[PDB]
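To start, the structure itself, in structure tokens.
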Amino acid sequence: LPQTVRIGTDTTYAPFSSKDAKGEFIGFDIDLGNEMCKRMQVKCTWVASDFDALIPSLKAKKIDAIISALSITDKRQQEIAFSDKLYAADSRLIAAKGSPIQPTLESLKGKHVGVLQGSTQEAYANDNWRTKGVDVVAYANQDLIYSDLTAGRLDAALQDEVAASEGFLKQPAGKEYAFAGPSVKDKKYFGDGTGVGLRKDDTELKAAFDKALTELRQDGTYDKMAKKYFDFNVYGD
Ligand SMILES: NC(=[NH2+])NCCC[C@H](N)C(=O)O
């Protein structure tokens, strides 16, 4: 393995990856990433990036790994490799409480919908909704989405369910918002949970993350770390 593993994360997706008041990285990805590094007996440099720059950065070797609620998708498996699943991640719409909005083309035609640049939600939204005349708006970071949502510049936003809920709906910014309809299940766009994104040729590094991850799951470090943030089964199936 490298002496120092450089891990890219988008620090705008609480409670997975965000900054505290003094600019330190916090959230479940950071705790997963630090624990794994600990067991791998390597050093880990955290690197902040816009989400859409992480895969490009990994391919260019500016970073060695991505831990950024990165969904394991068939599209992304063409370009990069992944650890074993870190946690599940479903997609779900939010709008102003008592919006009639549903994640359907019929509900959203006319409306302004925020999605993260580079995300699965952007892929789903662009193909299903933007083509069909929904005003789908793509943002550098999820904080700009929540801000344009509370500004009234966006009718709704699509992102990871658990990010919206712990990161927005249950924080002071989101008290006037709710989920708009149920989660959107779609195998092709949304992938099979999140993992560490790695260069396809880094077989050793993948082997090292996968070994650390099973180890922390066998001894209950995982549920202990998860209970900090979640009162449910974040790992999923
Ligand atoms: N740290 C972040 N900003 N994560 C964005 C995740 C959105 C979605 N899971 C995807 O893989 O596209």
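Each chain of the structure tokens is named A, B, ... in the order shown, its residues numbered from 1; ligands are numbered from 1 in display order.
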> Would you name the residues within 8 Å of ligand 1, counting only C-alpha atoms and all ligand atoms, and put them as a PyMOL selection string?
Replying inline: chain A and resi 9-14+16-17+50-51+67-72+89-91+116+118-122+141-142+159-160+190+193-194
> If you run DSSP on this backbone, which residues of stretch 13-194 of chain A come out as strand (DSSP E), and could you give them as a PyMOL selection string?
Replying inline: chain A and resi 13+17-19+25-26+43-48+65-66+81-82+91-96+112-116+135-139+156-160+177-179
Could you write out the selected residues, including N, CA, C and O atoms, as a short mmCIF file (atom, residue, chain, number, x, y, z; two decimals), in the first residue's frame?
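As a result, part-v9.cif now contains:
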data_model
loop_
_atom_site.label_atom_id
_atom_site.label_comp_id
_atom_site.auth_asym_id
_atom_site.auth_seq_id
_atom_site.Cartn_x
_atom_site.Cartn_y
_atom_site.Cartn_z
N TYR A 13 -22.17 16.74 2.69
CA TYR A 13 -23.21 15.68 2.72
C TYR A 13 -23.32 15.06 4.12
O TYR A 13 -23.10 13.82 4.28
N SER A 17 -20.27 13.15 5.44
CA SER A 17 -19.06 13.99 5.29
C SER A 17 -19.44 15.47 5.23
O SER A 17 -20.12 15.90 4.28
N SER A 18 -18.99 16.20 6.26
CA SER A 18 -19.16 17.66 6.42
C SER A 18 -17.99 18.19 7.25
O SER A 18 -17.17 17.42 7.78
N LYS A 19 -17.92 19.49 7.39
CA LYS A 19 -16.93 20.15 8.29
C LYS A 19 -17.67 20.66 9.52
O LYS A 19 -18.76 21.28 9.32
N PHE A 25 -12.99 17.50 9.37
CA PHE A 25 -13.98 16.64 8.69
C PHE A 25 -14.66 15.74 9.72
O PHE A 25 -13.97 15.12 10.57
N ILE A 26 -16.00 15.62 9.61
CA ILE A 26 -16.79 14.80 10.54
C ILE A 26 -17.85 14.05 9.71
O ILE A 26 -18.15 14.49 8.60
N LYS A 43 -1.29 5.57 7.11
CA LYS A 43 -1.68 6.99 7.36
C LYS A 43 -2.71 7.38 6.30
O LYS A 43 -2.60 6.87 5.17
N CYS A 44 -3.66 8.26 6.62
CA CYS A 44 -4.72 8.69 5.68
C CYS A 44 -4.84 10.21 5.69
O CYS A 44 -4.96 10.78 6.79
N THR A 45 -4.56 10.83 4.52
CA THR A 45 -4.78 12.27 4.25
C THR A 45 -6.18 12.43 3.63
O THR A 45 -6.38 11.88 2.55
N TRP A 46 -7.09 13.13 4.32
CA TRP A 46 -8.44 13.51 3.80
C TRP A 46 -8.29 14.72 2.86
O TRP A 46 -7.57 15.69 3.22
N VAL A 47 -8.92 14.67 1.69
CA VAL A 47 -8.90 15.70 0.63
C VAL A 47 -10.34 16.14 0.30
O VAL A 47 -11.14 15.30 -0.18
N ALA A 48 -10.68 17.41 0.51
CA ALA A 48 -11.99 17.94 0.12
C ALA A 48 -12.00 18.25 -1.37
O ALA A 48 -11.00 18.81 -1.90
N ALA A 65 -8.36 7.18 -3.25
CA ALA A 65 -9.57 6.47 -2.79
C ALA A 65 -10.65 7.51 -2.64
O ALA A 65 -10.31 8.64 -2.32
N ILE A 66 -11.90 7.08 -2.79
CA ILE A 66 -13.01 8.00 -2.54
C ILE A 66 -13.88 7.41 -1.44
O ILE A 66 -14.34 6.29 -1.60
N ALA A 81 -13.10 0.82 -9.61
CA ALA A 81 -13.36 -0.36 -8.73
C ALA A 81 -13.96 0.11 -7.41
O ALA A 81 -13.99 1.30 -7.14
N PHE A 82 -14.50 -0.82 -6.64
CA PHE A 82 -15.16 -0.48 -5.35
C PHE A 82 -14.82 -1.49 -4.27
O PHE A 82 -14.76 -2.72 -4.49
N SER A 91 -32.67 6.97 -2.74
CA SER A 91 -32.90 8.35 -3.18
C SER A 91 -34.32 8.77 -2.82
O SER A 91 -35.21 7.91 -2.79
N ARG A 92 -34.51 10.04 -2.49
CA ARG A 92 -35.87 10.52 -2.11
C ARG A 92 -35.96 12.03 -2.24
O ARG A 92 -34.98 12.77 -2.03
N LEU A 93 -37.12 12.49 -2.69
CA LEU A 93 -37.39 13.90 -3.00
C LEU A 93 -37.73 14.62 -1.68
O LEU A 93 -38.34 13.93 -0.82
N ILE A 94 -37.37 15.90 -1.57
CA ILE A 94 -37.88 16.82 -0.50
C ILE A 94 -38.54 18.05 -1.15
O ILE A 94 -38.05 18.61 -2.19
N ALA A 95 -39.59 18.57 -0.50
CA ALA A 95 -40.20 19.86 -0.87
C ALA A 95 -40.76 20.52 0.40
O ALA A 95 -40.68 19.88 1.45
N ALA A 96 -41.20 21.77 0.29
CA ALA A 96 -41.86 22.53 1.37
C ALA A 96 -42.95 21.62 1.95
O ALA A 96 -43.69 21.03 1.15
N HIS A 112 -39.00 23.36 -10.59
CA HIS A 112 -37.52 23.53 -10.52
C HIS A 112 -36.98 22.55 -9.49
O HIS A 112 -37.38 22.63 -8.31
N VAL A 113 -36.11 21.66 -9.93
CA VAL A 113 -35.66 20.49 -9.11
C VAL A 113 -34.13 20.50 -8.98
O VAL A 113 -33.42 20.42 -10.03
N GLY A 114 -33.64 20.52 -7.75
CA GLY A 114 -32.18 20.57 -7.52
C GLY A 114 -31.60 19.17 -7.43
O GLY A 114 -32.15 18.35 -6.70
N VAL A 115 -30.44 18.97 -8.07
CA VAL A 115 -29.73 17.67 -7.96
C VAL A 115 -28.23 17.96 -7.92
O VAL A 115 -27.81 18.98 -8.49
N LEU A 116 -27.44 17.07 -7.32
CA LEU A 116 -25.98 17.30 -7.20
C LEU A 116 -25.31 16.98 -8.54
O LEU A 116 -25.49 15.85 -9.01
N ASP A 135 -37.60 21.34 -15.10
CA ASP A 135 -36.41 22.22 -15.00
C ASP A 135 -35.48 21.61 -13.95
O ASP A 135 -35.57 21.98 -12.76
N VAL A 136 -34.63 20.68 -14.37
CA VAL A 136 -33.67 19.99 -13.47
C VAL A 136 -32.42 20.87 -13.40
O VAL A 136 -31.83 21.18 -14.49
N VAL A 137 -32.05 21.29 -12.19
CA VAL A 137 -30.91 22.22 -11.93
C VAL A 137 -29.83 21.46 -11.15
O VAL A 137 -30.16 20.94 -10.09
N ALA A 138 -28.61 21.43 -11.71
CA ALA A 138 -27.43 20.66 -11.25
C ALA A 138 -26.49 21.62 -10.53
O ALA A 138 -26.16 22.67 -11.10
N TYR A 139 -26.11 21.28 -9.30
CA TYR A 139 -25.33 22.12 -8.37
C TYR A 139 -23.96 21.50 -8.07
O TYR A 139 -23.81 20.29 -8.03
N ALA A 156 -38.23 21.53 -5.31
CA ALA A 156 -37.91 20.23 -4.67
C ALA A 156 -36.45 19.92 -4.91
O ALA A 156 -35.84 20.64 -5.73
N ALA A 157 -35.94 18.88 -4.23
CA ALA A 157 -34.58 18.37 -4.47
C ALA A 157 -34.53 16.87 -4.24
O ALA A 157 -35.21 16.29 -3.33
N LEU A 158 -33.69 16.23 -5.04
CA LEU A 158 -33.45 14.78 -5.01
C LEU A 158 -32.03 14.51 -4.52
O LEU A 158 -31.07 15.03 -5.10
N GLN A 159 -31.88 13.61 -3.57
CA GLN A 159 -30.55 13.30 -3.00
C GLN A 159 -30.73 11.98 -2.28
O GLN A 159 -31.93 11.43 -2.35
N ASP A 160 -29.71 11.50 -1.56
CA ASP A 160 -29.76 10.32 -0.67
C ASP A 160 -30.78 10.61 0.46
O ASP A 160 -30.72 11.70 1.08
N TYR A 177 -39.56 21.86 5.77
CA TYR A 177 -39.56 20.94 4.60
C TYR A 177 -39.88 19.53 5.06
O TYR A 177 -39.73 19.15 6.25
N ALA A 178 -40.35 18.74 4.10
CA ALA A 178 -40.52 17.30 4.28
C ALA A 178 -40.13 16.55 3.00
O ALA A 178 -39.93 17.16 1.92
N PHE A 179 -40.13 15.25 3.15
CA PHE A 179 -40.08 14.29 2.02
C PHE A 179 -41.33 14.52 1.17
O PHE A 179 -42.47 14.73 1.70
#
> Looking at A:187, A:200, A:206, A:97, which one is nearest to residue A:74, with distances taken over only C-alpha atoms?
Replying inline: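 Using only C-alpha atoms, the shortest distance to residue A:74 belongs to A:187.
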> Hey, what's within 12 Å of residue A:56 if we count only C-alpha atoms and toss same-chain stuff fewer than 4 positions away? As a list in words, please?
Replying inline: residues 8, 49, 50, 51, 52, 60, 61, 62, 63, 64, 65, 66, 76, 79, 80, 118, 197, 198 and 199 of chain A
>> With distances taken over only C-alpha atoms, which residue among A:155, A:20, A:143, A:204 lies nearest residue A:109?
In response: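 Smallest distance to residue A:109 is found for A:155.
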>> Just to confirm, what's the straight-line distance from atom CA of residue A:34 to atom CA of residue A:170 in Å (one decimal)?
In response: 25.9 Å
>> Under the rule that only C-alpha atoms are counted, which of A:55, A:196, A:154, A:169 is the nearest residue to residue A:209?
In response: A:196
Looking only at alpha helix (DSSP H) from DSSP on the backbone, list the matching residues of stretch 64-232 of chain A as a short mmCIF file (atom, residue, chain, number, x, y, z; two decimals) with N, CA and C atoms, in the first residue's frame.
data_model
loop_
_atom_site.label_atom_id
_atom_site.label_comp_id
_atom_site.auth_asym_id
_atom_site.auth_seq_id
_atom_site.Cartn_x
_atom_site.Cartn_y
_atom_site.Cartn_z
N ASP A 74 -23.37 0.13 -11.88
CA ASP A 74 -22.86 -0.54 -13.10
C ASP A 74 -22.09 0.46 -13.98
N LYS A 75 -22.62 1.66 -14.24
CA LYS A 75 -21.89 2.73 -14.98
C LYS A 75 -20.51 2.95 -14.33
N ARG A 76 -20.43 3.13 -13.02
CA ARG A 76 -19.14 3.53 -12.39
C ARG A 76 -18.18 2.36 -12.35
N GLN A 77 -18.67 1.13 -12.31
CA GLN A 77 -17.81 -0.08 -12.38
C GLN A 77 -17.08 -0.13 -13.74
N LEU A 105 -43.03 12.34 -13.34
CA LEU A 105 -42.90 13.39 -14.38
C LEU A 105 -44.12 14.34 -14.35
N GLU A 106 -45.31 13.80 -14.07
CA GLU A 106 -46.63 14.50 -14.13
C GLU A 106 -46.67 15.57 -13.03
N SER A 107 -46.22 15.23 -11.83
CA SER A 107 -46.10 16.15 -10.67
C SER A 107 -45.04 17.24 -10.95
N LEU A 108 -43.91 16.86 -11.55
CA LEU A 108 -42.72 17.76 -11.64
C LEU A 108 -42.66 18.59 -12.94
N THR A 120 -25.83 10.12 -8.97
CA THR A 120 -26.87 9.18 -9.47
C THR A 120 -28.18 9.94 -9.64
N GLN A 121 -28.53 10.76 -8.65
CA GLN A 121 -29.77 11.58 -8.72
C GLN A 121 -29.79 12.49 -9.93
N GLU A 122 -28.64 13.09 -10.30
CA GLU A 122 -28.51 13.92 -11.52
C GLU A 122 -28.75 13.03 -12.74
N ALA A 123 -28.19 11.83 -12.79
CA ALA A 123 -28.36 10.91 -13.94
C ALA A 123 -29.86 10.55 -14.07
N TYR A 124 -30.47 10.06 -12.99
CA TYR A 124 -31.91 9.73 -12.97
C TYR A 124 -32.69 10.95 -13.43
N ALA A 125 -32.53 12.09 -12.73
CA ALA A 125 -33.31 13.32 -13.03
C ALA A 125 -33.10 13.77 -14.48
N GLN A 142 -24.20 20.04 -2.30
CA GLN A 142 -25.57 19.78 -1.76
C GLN A 142 -25.98 20.96 -0.86
N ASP A 143 -25.04 21.62 -0.19
CA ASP A 143 -25.36 22.88 0.55
C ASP A 143 -26.01 23.92 -0.36
N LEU A 144 -25.53 24.12 -1.58
CA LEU A 144 -26.16 25.11 -2.51
C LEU A 144 -27.59 24.70 -2.83
N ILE A 145 -27.87 23.40 -2.87
CA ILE A 145 -29.25 22.88 -3.13
C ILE A 145 -30.18 23.28 -1.97
N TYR A 146 -29.88 22.84 -0.75
CA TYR A 146 -30.64 23.18 0.47
C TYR A 146 -30.84 24.70 0.54
N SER A 147 -29.83 25.51 0.16
CA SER A 147 -29.92 26.99 0.28
C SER A 147 -30.89 27.51 -0.78
N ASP A 148 -30.78 27.04 -2.03
CA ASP A 148 -31.72 27.45 -3.12
C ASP A 148 -33.13 26.90 -2.87
N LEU A 149 -33.27 25.86 -2.04
CA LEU A 149 -34.58 25.27 -1.67
C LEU A 149 -35.27 26.19 -0.66
N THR A 150 -34.56 26.55 0.42
CA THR A 150 -35.07 27.50 1.46
C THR A 150 -35.19 28.93 0.89
N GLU A 161 -31.73 9.69 0.65
CA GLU A 161 -32.73 9.75 1.77
C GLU A 161 -32.03 10.12 3.09
N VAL A 162 -31.01 9.38 3.50
CA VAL A 162 -30.43 9.54 4.86
C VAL A 162 -29.70 10.88 4.96
N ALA A 163 -29.02 11.34 3.90
CA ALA A 163 -28.49 12.72 3.84
C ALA A 163 -29.58 13.77 4.05
N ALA A 164 -30.69 13.71 3.31
CA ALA A 164 -31.79 14.69 3.43
C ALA A 164 -32.28 14.71 4.88
N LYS A 187 -32.73 0.20 -9.84
CA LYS A 187 -31.51 -0.65 -9.78
C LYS A 187 -30.38 -0.03 -10.61
N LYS A 188 -30.72 0.34 -11.84
CA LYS A 188 -29.78 0.82 -12.87
C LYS A 188 -29.13 2.16 -12.47
N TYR A 189 -29.95 3.15 -12.13
CA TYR A 189 -29.42 4.49 -11.75
C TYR A 189 -28.78 4.45 -10.34
N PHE A 190 -29.43 3.85 -9.34
CA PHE A 190 -29.08 4.16 -7.93
C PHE A 190 -28.01 3.21 -7.36
N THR A 203 -5.54 -3.51 -6.85
CA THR A 203 -6.06 -4.77 -6.26
C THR A 203 -5.69 -4.87 -4.77
N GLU A 204 -4.45 -4.54 -4.42
CA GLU A 204 -3.93 -4.61 -3.03
C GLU A 204 -4.72 -3.68 -2.09
N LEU A 205 -4.88 -2.44 -2.52
CA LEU A 205 -5.58 -1.38 -1.75
C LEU A 205 -7.05 -1.80 -1.53
N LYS A 206 -7.70 -2.30 -2.58
CA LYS A 206 -9.07 -2.83 -2.45
C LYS A 206 -9.09 -3.97 -1.42
N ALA A 207 -8.11 -4.88 -1.50
CA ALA A 207 -7.98 -6.04 -0.60
C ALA A 207 -7.80 -5.56 0.84
N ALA A 208 -7.04 -4.49 1.01
CA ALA A 208 -6.75 -3.90 2.34
C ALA A 208 -8.02 -3.24 2.90
N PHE A 209 -8.73 -2.41 2.12
CA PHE A 209 -10.02 -1.82 2.60
C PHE A 209 -11.04 -2.92 2.95
N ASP A 210 -11.27 -3.89 2.06
CA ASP A 210 -12.25 -4.99 2.28
C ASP A 210 -11.94 -5.78 3.58
N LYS A 211 -10.68 -6.04 3.88
CA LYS A 211 -10.24 -6.80 5.08
C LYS A 211 -10.53 -6.00 6.36
N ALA A 212 -10.11 -4.74 6.41
CA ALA A 212 -10.44 -3.75 7.48
C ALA A 212 -11.94 -3.65 7.72
N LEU A 213 -12.73 -3.46 6.65
CA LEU A 213 -14.19 -3.29 6.71
C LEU A 213 -14.87 -4.53 7.32
N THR A 214 -14.52 -5.74 6.88
CA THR A 214 -15.14 -6.96 7.46
C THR A 214 -14.74 -7.02 8.94
N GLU A 215 -13.48 -6.70 9.25
CA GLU A 215 -12.94 -6.78 10.64
C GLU A 215 -13.77 -5.88 11.55
N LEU A 216 -14.05 -4.65 11.13
CA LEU A 216 -14.77 -3.66 11.98
C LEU A 216 -16.25 -4.05 12.07
N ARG A 217 -16.73 -4.94 11.21
CA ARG A 217 -18.16 -5.36 11.15
C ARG A 217 -18.33 -6.61 12.03
N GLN A 218 -17.28 -7.42 12.11
CA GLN A 218 -17.29 -8.70 12.87
C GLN A 218 -17.28 -8.43 14.38
N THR A 221 -17.65 -2.74 15.77
CA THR A 221 -17.18 -1.34 15.63
C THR A 221 -18.20 -0.62 14.73
N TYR A 222 -18.63 -1.25 13.63
CA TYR A 222 -19.63 -0.69 12.68
C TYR A 222 -20.90 -0.20 13.38
N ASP A 223 -21.61 -1.03 14.15
CA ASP A 223 -22.94 -0.60 14.69
C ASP A 223 -22.68 0.46 15.75
N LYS A 224 -21.58 0.32 16.51
CA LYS A 224 -21.19 1.33 17.56
C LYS A 224 -21.01 2.70 16.90
N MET A 225 -20.19 2.78 15.82
CA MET A 225 -19.94 4.02 15.04
C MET A 225 -21.27 4.48 14.41
N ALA A 226 -22.12 3.58 13.91
CA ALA A 226 -23.36 3.95 13.18
C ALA A 226 -24.37 4.57 14.15
N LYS A 227 -24.43 4.05 15.37
CA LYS A 227 -25.40 4.49 16.41
C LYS A 227 -25.14 5.96 16.77
#
>> Could you tell me how far atom CA of residue A:202 sits from atom CA of residue A:1, in Å to one decimal place?
In response: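 Atom CA of residue A:202 lies 8.9 Å from atom CA of residue A:1.
When only C-alpha atoms are used to compute distances to residue A:236, the closest of the residues A:87, A:140, A:3, A:23 turns out to be A:87.
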